[PDB]
């Protein structure tokens, strides 16, 4: 069935807002967050980070209707963004991008408060 419930539509719209956000110079900040590297590729991340998370995990939960509200999705984004900000240095760009997208997430939730 092609038609989404109101909640599915809202979930989808929040996700898409973070995925498609582009800054004033045309860069999609989400590109690096789509998929986390392997355990072999980033051993250090997996030793430090308790709950690994990337946007494909959030997308998979979403497409399996595993999020029953918007708060549950925000929780996983915040986890992802906090992980990036824990592992990477405060002066690094992935740290900074995670913060801008955190703002976009929240700004997108506020925009859609009525809907």
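Residue numbers count along the first chain shown, from 1. Each form is matched to the other, and the largest set of C-alpha atoms that superpose within 1.5 Å is called the rigid core.
- A fit on the rigid core, followed by a root mean square over CA positions in 8 other deposited structures of this protein, ranks 40-48 against 86-94 and picks 40-48 as the more shifted one.
- Averaged over CA atoms, B-factors in the entry run higher in 90-98 than in the other of 90-98 and 18-26.
- For the pair 59-67 and 75-83, the mean B factor over Cα atoms is greater in 59-67.
- Among all modelled residues in this chain, the alpha-carbon of residue 32 has a temperature factor (C-alpha) in the middle third.
- Residue 49 sits in the lowest third of its chain by CA B factor, as recorded in the PDB entry.
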